[PDB]
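Asker: structure, please.
(chains A, B, C, D, E, F, G, H, I and J)
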Amino acid sequence: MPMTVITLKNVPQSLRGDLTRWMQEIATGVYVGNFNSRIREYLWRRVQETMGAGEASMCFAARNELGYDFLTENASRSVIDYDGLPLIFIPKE
Amino acid sequence: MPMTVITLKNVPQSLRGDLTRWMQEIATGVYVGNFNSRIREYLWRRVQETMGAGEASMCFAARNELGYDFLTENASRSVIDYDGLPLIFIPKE
Amino acid sequence: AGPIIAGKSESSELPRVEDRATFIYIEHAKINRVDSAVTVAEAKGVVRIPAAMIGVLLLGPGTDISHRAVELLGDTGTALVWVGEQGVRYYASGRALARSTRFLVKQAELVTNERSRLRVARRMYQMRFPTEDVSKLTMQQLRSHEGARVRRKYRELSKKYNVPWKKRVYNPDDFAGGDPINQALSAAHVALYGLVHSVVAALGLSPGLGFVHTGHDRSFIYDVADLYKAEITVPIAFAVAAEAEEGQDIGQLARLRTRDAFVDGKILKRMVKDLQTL
Amino acid sequence: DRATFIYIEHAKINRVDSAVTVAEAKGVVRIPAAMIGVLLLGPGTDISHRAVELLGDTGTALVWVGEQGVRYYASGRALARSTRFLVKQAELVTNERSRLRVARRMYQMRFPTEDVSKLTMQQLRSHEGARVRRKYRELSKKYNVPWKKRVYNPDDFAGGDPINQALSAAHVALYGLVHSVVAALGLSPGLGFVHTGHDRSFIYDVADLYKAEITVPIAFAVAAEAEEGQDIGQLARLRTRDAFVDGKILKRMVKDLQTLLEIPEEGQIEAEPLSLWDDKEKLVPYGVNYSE
Amino acid sequence: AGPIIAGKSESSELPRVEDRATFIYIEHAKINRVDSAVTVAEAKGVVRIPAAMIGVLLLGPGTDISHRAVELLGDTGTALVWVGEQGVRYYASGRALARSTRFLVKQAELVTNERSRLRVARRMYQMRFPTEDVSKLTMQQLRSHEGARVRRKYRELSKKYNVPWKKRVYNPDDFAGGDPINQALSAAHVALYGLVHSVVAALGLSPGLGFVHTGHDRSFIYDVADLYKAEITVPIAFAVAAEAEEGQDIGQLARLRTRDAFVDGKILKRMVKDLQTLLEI
Amino acid sequence: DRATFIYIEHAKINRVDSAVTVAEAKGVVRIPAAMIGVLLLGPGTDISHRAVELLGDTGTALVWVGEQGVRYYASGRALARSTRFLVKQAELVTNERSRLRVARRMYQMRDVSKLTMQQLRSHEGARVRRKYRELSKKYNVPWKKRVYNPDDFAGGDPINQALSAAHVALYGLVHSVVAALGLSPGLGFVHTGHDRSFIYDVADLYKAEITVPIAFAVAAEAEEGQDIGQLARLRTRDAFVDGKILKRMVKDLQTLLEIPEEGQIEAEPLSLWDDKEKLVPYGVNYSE
DNA sequence: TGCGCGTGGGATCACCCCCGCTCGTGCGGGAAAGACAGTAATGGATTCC
DNA sequence: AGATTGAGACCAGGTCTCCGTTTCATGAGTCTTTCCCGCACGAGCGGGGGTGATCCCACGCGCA
DNA sequence: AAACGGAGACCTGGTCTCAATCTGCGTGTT
DNA sequence: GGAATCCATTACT
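Answerer: Residues are numbered from 1 along each chain as shown, chains lettered A, B, ... in the order given. Below is the structure:
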């Protein structure tokens, strides 16, 4: 049964404690838990609308040989699809 | 294959890149991948000794209701069980 | 959907009732809501409860719970039970998770009709003992049958594990006892009592519409719990006490094994099907 | 057969020897547990486990509500652990003959002077839609608030008419206490007579007995007294909760619920909405201790 | 075990050949190792390839790779293959992934015996075409008969998917990749060519030991790859040629389609499962 | 029959028209690729894909090694797209009659016509035992015995660590050499059952002549208070700089495989910054 | 303003989608002994201090 | 009183640069057999979940 | 010509503390 | 009787 991890940075403290009802806090700004497809999709909407100006990314199991895919919003670490693979991209200044 | 996630902080930069060969880096000190039981144990064994003076905690699919469990060493947040349930404990400073 | 606000969520956001964990046991700590988070502040630190994946929460002696914490927990659908010593003390539930009342309205029709109550009681008993035939049997001699069989089940299990008895049958009201078996029975039982209370409120079924028991607002949960206590919580309750040694927390050992019993027995998926056919 | 709907806010409560204590900023009081019928727990309150065990055995109904019961949050068991009202509700709702009886009864309070006990449901709901148009129109001209038609959107609270936003907020404000008494009395909120199919269905039917007397007069008044750019959701709650301060409305629901359930007059209990500092002189002669 | 250091790990700590991804295409980037990690660096930024689960790390045009990068990749066991236009160009590999040379020595027995070579060479065909009998067909006829069959499959394609066909069977040595149709099939072809080389070095097999292709050290690769040459990638890549639009790069989307064909066809599972049967283990 | 072994380190390689362009700090080197067979790419080197484009055309083999082969990392194709050498290795290993002949030939390279495989193996243990005894007295060092932990190198005798460090250098060099030639390290004659079985068989030729004296030498001058694997590595680095070892080894492989003298290929090292006078007449432009 | 329904609107009874498929096997992987043709260290047979 | 927000202090971890130091992490004198560890496929395979349809008032409103 | 370890050095971003504030998140005959 | 020596006595590579 699928697993999902969510990471955050520079987000309002109201939301940081909010996912503690759905996730746990292994480390600062790092939340992890187990959902299905429907619950995970709905919650990703919540962190999308309430984060305001901040950093939000998540990992969830997918239908690719890597076994997971990436969804990012206002993220410094973007995601680039190398012909069907999610790889973390880090822009350099 | 079940998912796994690793967190790190205050760790020598040699390890911070070495683990990226296995699990990509979505955010600072966060790594995600889909591993079986054997592979994950050896990687955790690798972080066991080369962590230096820092924090390393890991999560993976388990056989309880929440479906995951935690292992921590030299960690700011210990992991405590409430009648067989893994919950994150943040000690009072 | 509309705007999303921290501390409030729809039923669709919350997980399905039988896909969550069973219970947690919290003592000597203060439950508060900080930064829209249900938190348990013990003597040495604080923990965060994933209320979305939690069925029922328990409160033991020497604990404090804040007003904001109650409504935050109630929103998630996790009911509250004050698990003091000598058994259950008090209940607490929030808004029903289920939007519709089709389950509830059907329960009202069945419970108010004497022949329907007879038929439902026939269905309730045969889940406990499918072998027996109860085609022609009424309410008065029912209570004799379950009471005797529960006592017989209690006796044979006691000798199988060699535990002393005071020839008492467990009820959550007016209970007592200093012998370790007394609280071992209570601690294992109360998790079942808490679990059924949470799920019955989540499905929208009122706890006062009992069939076997009647005379209090929690009659229904008692009747449903009667169906599963003999099968599940009693064997561990005796087992853990016999296995436990002197100078040890029996409850921690007791509650730990009951959680495994809830898992392998598929109790959550089973009873919701059982409530579906009742 | 007297129930105390005592309200607690901005205080800590615990247990000392055998009676619950309150640790409000004003002082410390030692109300006996026997006197407590229902604790309307409001904002800024914590509950100790030792207090609950002293409250569980006495059958007290612990309900978590908003400021002066403006909203409903959660509750425990019914008062005195009884359920005779609930089982009465189930019996009176399963059959149409009593359903006909009670449904016409509610409209009787809706129209105290007009007899509609013979009108069917279709005519009852039809004439129910007639009165709501008049009341909106009559109050619109009284407060000089322009009224067009009840227009709103549950998915869009912000994008609503100021009269409508106040009206929606006022109903929700009343929905709080009327659901609190239902849980306090142990009635099933799901089992509604006119409205059916929602867990609050019984709540709307009972609340409609007071919507035309409290919420709508308040909502129209708030709409007139409101400047542009100021949110009225808090205003409507604050204005409504002022009417709940005295608690005179609270007794009305307690009496009405017995009337709808046809409870015998001897069995019709009446609640007394006490308050700590509002009735200090009234509590002391019974044996309550007040310490600064 | 002993101390574990960055960049060095036993084969046990590393996923088996089956549990790894297929490949990644790279173009116009520098492969440098920083903080003991392979880092493909482009103009905009850097991407950290998770080498541990990479079948073969394809390398395209206009790219530079350092020295420690190859060592780190070789430790992981991922093969390195240099590809551009007009076909594949170069191959590379690490030391190995399996410490047992049982597969290699068994292959050595099979190749030397002329009788054994004919037995296995015929057995290529019924894995390619299970509906035909090659029990009495000689080695010389194998080259000609399979040479016509590979052409027949392409000829069937041309009238099927409604797109012109140049009538050029893929020869990786100086291939003609002018028309956009050719690069689509070649880029698809090199994807398995890298994959075939990736597993062979992982299992200890030597590419030099030839079965039907002879004369070059990549003979075994050209034979194992020929087993799945037309079954999986050719229909998928040629169907991509049918669904061709203007204004986009054909290679990227064609490579993506080959990926989906590979995961749908379970090529990684099928290929090694064959080699176990092919060695009579 | 001409094979070029070129070592490049601390440099960078590109392509302009048809020749590799070494961009080492000294200057720019323009070696044509039409006569290059091996690129012993050392530590800290950068190769361009365009350079790899040409090397495939000429059959040139690429090998990535440490300090001129002190350790082996990766390789590529073989010399001039030739697999005949590996084919003969496969033929020589299947039938035990061929296997016994080359195995006996390996021992005599270090009476042999009657010793069998187990008989040969015992003598090699006997001769290697005497060799340790001889050098222990020759270098006046206290060698107790070869005791080693494969998974614990830090805890061990300095002499034992010296031999372990010295030996592992040798296998890297031969593995780099054998991979370029197109053979397979798995197919071993005496040693069998490992991916480097052929490596440990061939490397036994030069353990006594080269590595063992080096390990004993560094141990003799070893001072307590520092690691010696680094010291042994450097003492092998300079020994491998000359390249006469590689010349001997390539000939030995041809002899071990019974390669005809006419078909035997001669390989020589090419130091770009040390053999400038030789490379200029062949068409090389040198810049500073 | 009296009177209801034109668009919904999502749970829910139940419809068709899914693999159904989880224990044993047996196929490979271990790791530790255990061989295999040799010395080295040392003690009883033999003879001498 | 409890919880949220905001402003402000505060400081540990991350990241960047600069300087210095390396080209590295280290087995097999010898392979064979055998006791622990395996995890994908073989045999008959029906319990779930996604969702069309629709009720009956919500949004809005037309004639009366 | 890479590439990593040690010593800053600087920064954001997370965390704690102290006023100020509100009691809380809005559908139910149009 | 025991030491020195040889070959068994025992055992290392």
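Asker: which residues of chain C lie near chain A?
Answerer: Within reach of chain A by CB under 8 Å from any CB of the partner chain, chain C has these residues: C:1, C:3-4, C:6-7, C:9, C:12-13, C:15, C:19, C:34-39, C:48-53, C:72, C:76. Just so you know, the C-beta spots here come from the backbone N, C-alpha and C atoms, and that holds for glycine as well.
Asker: and with 7 Å instead?
Answerer: By the rule CB under 7 Å from any CB of the partner chain, the part of chain C lying against chain A is C:4, C:6, C:12-13, C:15, C:34-38, C:48, C:50-52, C:76.
Asker: so which of those wins on neighbours?
Answerer: Neighbours here mean other CB atoms under 10 Å in any protein chain shown. Within the residues of chain C next to chain A, the largest count is held by residue C:38, at 29 neighbours.
Asker: which parts of the stretch 1-150 of chain C sit against chain D?
Answerer: Close to chain D, as judged by CB under 7 Å from any CB, the stretch 1-150 of chain C has residues C:1-2, C:59-67, C:70-71, C:74, C:82, C:84, C:89-94, C:96, C:98-101, C:104, C:108-109, C:111-112.
Asker: make a PyMOL selection of the buried ones in those.
Answerer: PyMOL command restricting those to the buried ones, with burial defined by 16 or more other CB atoms under 10 Å in any protein chain shown:
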select buried, chain C and resi 59+60+63+64+65+66+67+70+71+74+82+84+89+90+91+92+93+94+96+98+101+104+108+111+112
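Asker: what sits against whichever residue of the stretch 1-150 of chain C sits closest to DNA strand J?
Answerer: Of all residues in the stretch 1-150 of chain C, residue C:44 sits closest to DNA strand J, at 56.9 Å by CB to the nearest atom of the strand. If a contact means CB atoms under 7 Å, 6 or more residues apart in numbering or on different chains, then residue C:44 has B:91-92 as its contacts.
Asker: how close does it sit to residue B:10?
Answerer: 23 Å (CB to CB, to the nearest Å).
Asker: residue C:76 - nearest residue in space that isn't next to it in sequence?
Answerer: Distances taken as CB to CB, 6 or more residues apart in numbering or on different chains place residue C:51 nearest to residue C:76, at 4.0 Å, with adjacent residues excluded.
Asker: and that neighbour, how far from residue C:33?
Answerer: Residue C:51 sits 11 Å away from residue C:33, going by CB to CB.
Asker: quick check on the residue nearest to residue C:76: phi, psi?
Answerer: phi -60, psi -20 (degrees, to the nearest 10).
Asker: which residues of chain C lie near DNA strand H?
Answerer: Residues of chain C found near DNA strand H, taking CB under 7 Å from any atom of the strand as the criterion, are C:6-7, C:16, C:32-37, C:66-69, C:269, C:273.
Asker: so which bits of the strand or helix carrying residue A:25 are buried?
Answerer: Following DSSP states H and E, one finds residue A:25 within strand A:24-27. Neighbour-count burial for strand A:24-27, counted by 16+ other CB under 10 Å, picks out A:24-27.
Asker: and of the residues you listed, the nearest to chain E?
Answerer: The nearest member of those to chain E, counting by CB to the nearest CB, is residue A:27 at 19.8 Å.
Asker: ok, the closest residue to chain B within chain A - how many residues close by?
Answerer: Closest to chain B within chain A is residue A:67: 3.4 Å, counting by CB to the nearest CB. Look at residue A:67: counted by other CB under 10 Å, it has 18 neighbours.
Asker: so the residue nearest the centre of chain A bridges to which residues?
Answerer: The centroid of chain A falls nearest to residue A:58 when counting by CA atoms, centre = their mean (1.5 Å). Here residue A:58 sits in beta bridges with residue A:6, residue A:71, as judged by DSSP bridges.
Asker: just checking, it touches residue A:6?
Answerer: Yes - with contact defined as CB atoms under 7 Å, residue A:58 reaches residue A:6; the gap is 4.5 Å.
Asker: distance of the residue of the stretch 1-150 of chain C closest to DNA strand J relative to DNA strand H?
Answerer: Residue C:44 sits at a distance of 18 Å from DNA strand H (criterion: CB to the nearest atom of the strand, to the nearest Å).
Asker: one more: residue C:216?
Answerer: For residue C:216 relative to DNA strand H (CB to the nearest atom of the strand), the value is 31 Å.
Asker: for residue A:30, same thing?
Answerer: From residue A:30 over to DNA strand H (counting by CB to the nearest atom of the strand), the distance is 12 Å.
Asker: in the sheet, who's paired with that residue?
Answerer: residue A:7, residue A:27.
Asker: check contacts around it.
Answerer: A:7, B:7, B:30.
Asker: contacting residues for the first one?
Answerer: So the one you mean is residue A:7. By CB under 7 Å, 6+ apart, the neighbours of residue A:7 are A:29-30, A:57, B:26-27, B:30.
Asker: in chain A, what residue is nearest DNA strand H?
Answerer: Nearest to DNA strand H in chain A, going by CB to the nearest atom of the strand, is residue A:14, at a distance of 3.8 Å.
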